[PDB]
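See structure below.
Residue numbers begin at 1 in each chain, while the letters A, B, ... track the order of the sequences.
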Amino acid sequence: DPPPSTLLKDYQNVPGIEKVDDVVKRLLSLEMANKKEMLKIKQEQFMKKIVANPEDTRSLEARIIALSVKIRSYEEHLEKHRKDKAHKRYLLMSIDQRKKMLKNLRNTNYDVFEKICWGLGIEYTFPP
Amino acid sequence: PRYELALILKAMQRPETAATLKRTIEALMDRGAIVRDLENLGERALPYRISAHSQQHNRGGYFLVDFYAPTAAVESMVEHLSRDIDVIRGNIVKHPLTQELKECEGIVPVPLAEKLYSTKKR
Amino acid sequence: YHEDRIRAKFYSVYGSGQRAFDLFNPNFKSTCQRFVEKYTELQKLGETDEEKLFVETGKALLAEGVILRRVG
Amino acid sequence: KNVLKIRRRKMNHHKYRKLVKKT
Amino acid sequence: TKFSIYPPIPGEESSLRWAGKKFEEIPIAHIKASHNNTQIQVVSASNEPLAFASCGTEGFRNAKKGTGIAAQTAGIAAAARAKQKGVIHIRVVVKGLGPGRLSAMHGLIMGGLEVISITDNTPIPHXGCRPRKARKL
Amino acid sequence: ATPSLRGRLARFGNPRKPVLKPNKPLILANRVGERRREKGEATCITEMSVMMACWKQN
Amino acid sequence: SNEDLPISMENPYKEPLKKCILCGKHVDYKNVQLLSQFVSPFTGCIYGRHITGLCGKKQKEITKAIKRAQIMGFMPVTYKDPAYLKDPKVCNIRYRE
Amino acid sequence: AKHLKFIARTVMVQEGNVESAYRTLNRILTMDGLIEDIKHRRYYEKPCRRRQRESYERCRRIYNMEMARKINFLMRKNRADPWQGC
Amino acid sequence: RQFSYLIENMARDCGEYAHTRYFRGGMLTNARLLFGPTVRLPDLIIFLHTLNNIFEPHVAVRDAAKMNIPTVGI
Amino acid sequence: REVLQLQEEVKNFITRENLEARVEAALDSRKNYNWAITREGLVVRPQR
RNA sequence: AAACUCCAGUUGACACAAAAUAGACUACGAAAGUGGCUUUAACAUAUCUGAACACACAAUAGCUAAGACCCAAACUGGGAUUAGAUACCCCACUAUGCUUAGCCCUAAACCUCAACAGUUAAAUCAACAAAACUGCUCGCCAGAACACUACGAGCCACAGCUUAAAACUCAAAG
Ligand code: FES
Ligand SMILES: [K+]
Ligand SMILES: [K+]
Ligand SMILES: [Mg+2]
Ligand SMILES: [Mg+2]
Ligand SMILES: [Mg+2]
Ligand SMILES: [Mg+2]
Ligand SMILES: [Mg+2]
Ligand SMILES: [Mg+2]
Ligand SMILES: [Mg+2]
Ligand SMILES: [Mg+2]
Ligand SMILES: [Mg+2]
Ligand SMILES: [Mg+2]
Ligand SMILES: [Mg+2]
Ligand SMILES: [Mg+2]
Ligand SMILES: [Mg+2]
Ligand SMILES: [Mg+2]
Ligand SMILES: [Mg+2]
Ligand SMILES: [Mg+2]
């Protein structure tokens, strides 16, 4: 996971935040934020690493990355909450929606599809 | 994120109240909280008799602690407050001022529902 | 109609005129109608600001002896 | 609607549970 | 001054007195109006029992206890015993919606006691114990 | 103000479950209910109990 | 053609939308004086919107604030605090008639 | 139990008029719903039966409140016949 | 009923006929029984008000069409 | 603008150095959150 | 009537139970379900459709193991009623309702009204009910009864669930 000192995605690019007081820095860091704020940074890092245009979020590739970040969050929640049936359904559905996205990407753009699998560590399995 | 600790303290003299307040703030700081402000709401009669730590309290000192803490700190602080015998009631809520009120245009009138039943002649 | 915007503003600022509407007379003009007419006449002069034009309209009526008691 | 169709099935099921218990 | 239906607050200072006694010192008449019986206990302001009378102690038996006349008879009996001990003004606290809810107070007044306030303290659970199942009548 | 009937009933347009289940159509009739006679109660119970109480004493 | 034909506008005479007394004002559980105005003086029962006259949003806010204040040691449950009995009446309910 | 006694549901008697005081108290409990709630709490009402009653009581409010709104709207026309003989 | 008197005078003045009263069932479709076998029905019916006193179409509108009588109506 | 505002507020935040002084100041001060609303929608602050 | 009198009333202390009012609100969730307070995590999919069995869920009742005890309560006992009363009424008290960990996989699980898209034009339209329809797709139904059955098969289910016939009979059933 991103270090806790990491600045929030909103305040990371505001000018002069590197010189503010240490109290202000930790107040604007991931430590003092909820779990969703760290997930945004995770998605950002994956988008920059894998996607050619990080700004385009409507591409089939950005949607796969965004869904994979959600999938990982559900797996972490389900690790603590084992009998949460509502979230278990959301995980399995999300996994099935990423398989459909990956199938469409494999059919359209193979070169980019391979990069998604490498960066996100997803193994594409053919259905039974 | 930003929280508010509504701390009802036992009816004590100023030196003991000061010690309790300092002790509670020190506990928040030990758990990584950045305490922002301390407000004294005054000593008043409790709305109902509260029994805490084998003592029946009819009066208490109402205080507010504005602080920023990590989400994990809240649970730990709640446990610490339970063990403090000088605290009658202690509750941590998400600070109300963080929640922003959406602008309201006003009350929109809803017309009487129509076409509930067919217009056949009964 | 275009003048309904003027009538609405006039009714809000001054309220219903003291003169009672006589709907039997086809040519009856009310205080609001007089305001619309003056407002329109001053629009022909070429004033482009409604608020300024509304203020000028009221002043002309006051000069003519009309009683314009604002709600305030 | 009346419950005559349900009533036939109700007696069938009751008698079945009674038969299964007995045997 | 205008009459205030709201009782005088014990902490605040009030001018209302009854025989030189403040509202907090007037004896309390606890009435339990059940569906089958009415029980009246007059206690002092410091919770010292003074008088007790129920429809059962007045000789009514079985369904005859669950009547207005039976509760009125108990009220008169409780007032008589309370008036011997020095009670004049009483704060009535009634509990339950039984047939003798109002009749019991009439009996207390007919017995020479003056009711200065009426409090309803019928127990209402805010969600509590599940009551008995409905009857098939 | 009359409570709303929008979305309360089970209809094709209404996606949610029905809030209300009227056994009769919610349509105003052309008549109102007849005047109901008051439940009869025994009178002069208190006065009867004073006379009867004195009879016992005397 | 003709200039006297009606034109298409939004109703100029349309009156502004009504607003509840609490519209645009923060409701706080610590503000017990305000919350007490919406409960029964005798039973402490929360008044419905038909009595209080609040909009759906403010009715929910007031309800949640009362329930919070009542369990956190700020507000009594079974009655209205006598100190607030003399505050302005804003509820359409008459107990004496 | 925990709350201060003699504040809730307490009514003061004016000039020894106990009848008027009891009627007031009984009216306060009725308007708040305590009387009707107590009666329903005597025997347990099962969830399905409670939902069926609330649905019935709600439909009855809507109908009764709409009938009353029409009665007050037409009461103006209870005037004497102006065209008697036509 | 506000104009029943006016309409009845206007008909008498122009030598025509007025029916401003409660319209009994069958006045037009059962006339030969109500009036007589040789009765002549109206050739034109002018409705000055086409609605009855429950805000529904006057029954004579339908009955005039059944009898193929042309109708003028406000 | 938010970072600038925050950088000013942190100057007044309670710290271990000023904790004791801030506790005494709080004990002296009184904060009131109570106010009433009229039928006209006007706030009536408390007079005490 | 029985029961209770180790009872009842006032006052004080006092839950591993259940959550008045708000709610005349109509929200959340795939459905089942969800209405005391706080906090943490959190509510899939940038075309749609797409499983009795694949996968994951599924009220109440019930099963296995370990705990909790206010109240309610199948069963059972007592009282009464009755021709009888294996019921309806009264009393007492269990399994069970709760928690933890595994099962079981059913409902009038019905708002008996499928998902998505669109329309209010004309013959609107058997009746009733909650007006009548178009495009598209999946699922399902072809007289009643036999039959939520038999047999076979699968299942932590073993008095179970799911799938599910036939022979004889009838001229109706609905
Ligand atoms: S009308 Fe604006 S919040 Fe109530
Ligand atoms: K509750
Ligand atoms: K149903
Ligand atoms: Mg059979
Ligand atoms: Mg029906
Ligand atoms: Mg006996
Ligand atoms: Mg309710
Ligand atoms: Mg699908
Ligand atoms: Mg299939
Ligand atoms: Mg289940
Ligand atoms: Mg169980
Ligand atoms: Mg029991
Ligand atoms: Mg048990
Ligand atoms: Mg259901
Ligand atoms: Mg079905
Ligand atoms: Mg489907
Ligand atoms: Mg079955
Ligand atoms: Mg089978
Ligand atoms: Mg088999």
Please report the distance separating the [atom1] of [N] from the corresponding atom of [M], rounded so that it comes out in whole Å.
N      : M      : atom1 : result
K/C105 : K/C161 : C1'   : 7 Å
K/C148 : K/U162 : P     : 12 Å
K/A32  : K/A58  : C1'   : 5 Å
K/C138 : K/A108 : P     : 27 Å
K/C6   : K/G78  : P     : 26 Å

Nearest-neighbour nucleotide for the [X] side chain, [options] considered:
X       : options              : result
A/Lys36 : K/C25, K/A130, K/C43 : K/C43
A/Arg58 : K/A130, K/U45, K/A46 : K/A46
F/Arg16 : K/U26, K/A56, K/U11  : K/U26
H/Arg61 : K/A24, K/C43, K/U26  : K/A24
A/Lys35 : K/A30, K/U40, K/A42  : K/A42
H/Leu34 : K/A30, K/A20, K/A42  : K/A20
G/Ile46 : K/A24, K/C43, K/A22  : K/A22

Residues [X] and [Y]: side-chain donor-acceptor under 3.5 angstrom:
X        : Y        : value
E/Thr119 : E/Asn121 : no
B/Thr98  : B/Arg2   : no
G/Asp81  : G/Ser36  : no

Nucleotide paired to [N] in any strand shown, Watson-Crick or G-U, under 3.5 Å:
N      : answer
K/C140 : none
K/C63  : K/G102
K/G135 : K/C116

Over how many whole Å does the gap from [X] atom [atom1] to [N] atom [atom2] extend?
X        : N      : atom1 : atom2 : result
H/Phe6   : K/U11  : CZ    : P     : 8 Å
H/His3   : K/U21  : NE2   : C1'   : 14 Å
A/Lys99  : K/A44  : NZ    : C1'   : 14 Å
A/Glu79  : K/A41  : CD    : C1'   : 13 Å
G/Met75  : K/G36  : CE    : P     : 18 Å
F/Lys21  : K/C110 : NZ    : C1'   : 9 Å
E/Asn121 : K/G9   : CG    : P     : 13 Å
A/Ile71  : K/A56  : CD1   : P     : 17 Å

| request: Test G/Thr43 against H/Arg9 for side chain to side chain contact (heavy atoms under 4.5 Å, CB included), laying out the working first. | output: CA-CA 6 Å; G/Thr43 62; H/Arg9 292 179 267 169; 3.9 Å; yes
| message | I'd like to know if H/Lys46 reaches the base of K/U60 with its side chain, counting only an N/O donor and acceptor under 3.5 Å. | response |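 Counting by modelled atom types and ignoring angles, no donor-acceptor contact under 3.5 Å is found here.
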| request: Spell out yes or no: do the side chain of B/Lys120 and the base of K/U124 have one donor N/O and one acceptor N/O closer than 3.5 Å? | output: no
Taking only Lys NZ, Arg NE, NH1 and NH2, and the carboxylate oxygens of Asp or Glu, determine whether [X] and [Y] approach each other closer than 4.0 Å.
X        : Y        : value
G/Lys57  : G/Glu61  : no
A/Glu37  : A/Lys40  : yes
A/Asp96  : A/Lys100 : no
A/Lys35  : A/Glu76  : yes
E/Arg101 : E/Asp120 : yes

| field | Nucleotide K/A42 sugar, north or south by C1'-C2'-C3'-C4' | value | north
| task | Summarise how protein sits on nucleotides 86-108 of chain K as a single string, 5' to 3': B when a protein heavy atom is under 4.0 Å from the base, S for sugar-phosphate-only contact, - for no contact. | result | --SSSS---------SS-----B
| said: So if I define the base as every atom that isn't primed, P, OP1 or OP2, how would nucleotides 147-174 of chain K read as a B/S/- string at a heavy-atom cutoff under 4.0 Å? | reply: -BSS--------BS-------------S
| With a 3.5 Å cut-off on both distances, are K/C170 and K/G143 a Watson-Crick or G-U wobble pair? | yes
| query | Crowded around H/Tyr56 OH? As in, over 12 foreign heavy atoms under 6.0 Å? | reply |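 For H/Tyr56, atom OH is not crowded (no more than 12 foreign heavy atoms under 6.0 Å).
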| remark: On RNA chain K, more 5' by nearest nucleotide between B/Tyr117 and A/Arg89 is A/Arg89
